[PDB]
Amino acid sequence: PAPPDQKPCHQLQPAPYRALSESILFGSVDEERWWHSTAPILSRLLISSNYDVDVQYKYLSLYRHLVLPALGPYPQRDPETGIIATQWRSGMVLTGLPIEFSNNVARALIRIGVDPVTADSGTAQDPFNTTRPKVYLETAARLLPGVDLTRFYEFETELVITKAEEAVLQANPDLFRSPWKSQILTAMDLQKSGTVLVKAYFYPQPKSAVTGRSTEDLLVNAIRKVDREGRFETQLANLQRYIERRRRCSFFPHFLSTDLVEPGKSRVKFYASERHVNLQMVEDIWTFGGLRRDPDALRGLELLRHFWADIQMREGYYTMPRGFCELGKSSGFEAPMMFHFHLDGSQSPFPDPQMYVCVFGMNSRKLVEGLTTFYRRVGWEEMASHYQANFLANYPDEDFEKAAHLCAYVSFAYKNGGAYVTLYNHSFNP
């Protein structure tokens, strides 16, 4: 596993962002303000991760053309409270913003997470944001080669509410009281070659409310129905058997995601949240109750233990987040830990697990110091030396003694004898 690139880039206006900024005519004030609040962070991420210049420009232009209009209204500041939020509170970030850039610091790859929204999203005209995500994926599909939507349609049919089911949730608003209303989210994985890999995420909590089927049964029946070839059947069965063991409760099946490629090559990730945030519970999940203890499983768990200590995670029993914690809102915010399970079409009996720890509310500078300690432990030299100062460079006017919102989640997997660490960070500067 070749160590990740990390070049320094602290510049407040990186050259590609300026070059485009001085050339773009925006047909919307919102698109213009979004750009100036996020494009500098994207541009820095791209040059620090050592993407080629041509590819930097491809992606900043794509950001401009495809993403900006899908971000909807620019966030607004409350005069007296100072809190800055958008009317639709996205399930993608705890700040509720519809945009997030994530940094795979094991490979130096950037991903753009987008909750496609309109001015009507959240309001009476569209209270569950049904159509705009689809339109976004459809547009991405015609623009971007290799983007195959067959998996999205199959899951949309099973996992997203129909127009009648909406009416039931409008007529009777007591049946779905959660403010987390996002059904679909998107992600574009930006490869070094210029190719974009698109993923869709499905959150069927509203379909659950209207049909009386639990989130688990929806996810599993969905996956099981779409899986014609039965490539996921073994891993899925054993994940179910594990969720069964756990129910006989703190483990909660939450959502899934799928890639958008040829069906017989497609791969799904099943997400579950866990509220006992402690290292004995991580082992239980990581090893499926001690059933999955091959060398690779245990070697990864030893390293997971090192990671957990290095970033200084606190143990605890943490309940699902009450509302949101938007910019201006104060965080020491505590939330649940999370796992995805990778249904990969291999012959492995168990799908590969990936841990997501919510670090939102932990001092972000401190957290990144702990990560640096971890980068050194695994010999990621360039990243050890340069990442922290690139991290802080994205939040120029911010106070890092108080700031605990800059990193929201960190994920850990073990792939090819190596740690895989991804930071999900604050992607917005007013």
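When you see a residue number, it is the position in the sequence shown, counting from 1.
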| said: Zero if continuous, otherwise a range: how many residues of the deposited sequence are missing coordinates between residue 331 and residue 332 (none, 1 to 3, 4 to 9, 10 or more)? | reply: 1 to 3
| remark: Residues of the deposited chain absent from the coordinates between residue 248 and residue 249 total 10 or more
| note | Mean B factor on CA atoms, stretches 398-406 and 60-68, record says higher is 398-406
| field | Higher-B stretch (mean Cα B-factor, as the entry records it), 140-148 or 121-129 | value | 121-129
| field | Residue, from 175, 237, 94, 187, that the PDB entry assigns the highest Cα B-factor | value | 175
| request: By the entry's C-alpha temperature factors, tell me which of 116, 73, 336, 204 sits highest. | output: 336
| query | For residue 340, does the deposited CA B-factor place it in the lowest, middle or highest third of the chain? | reply | lowest
| Chain-relative CA temperature factor third for residue 307 | middle
| Third assignment of residue 280 from its chain's C-alpha B-factors | highest
| residue 274 by Cα B-factor - lowest, middle or highest third of the modelled chain | middle
| CA B-factor ranking of residue 78, expressed as a third of its chain | highest
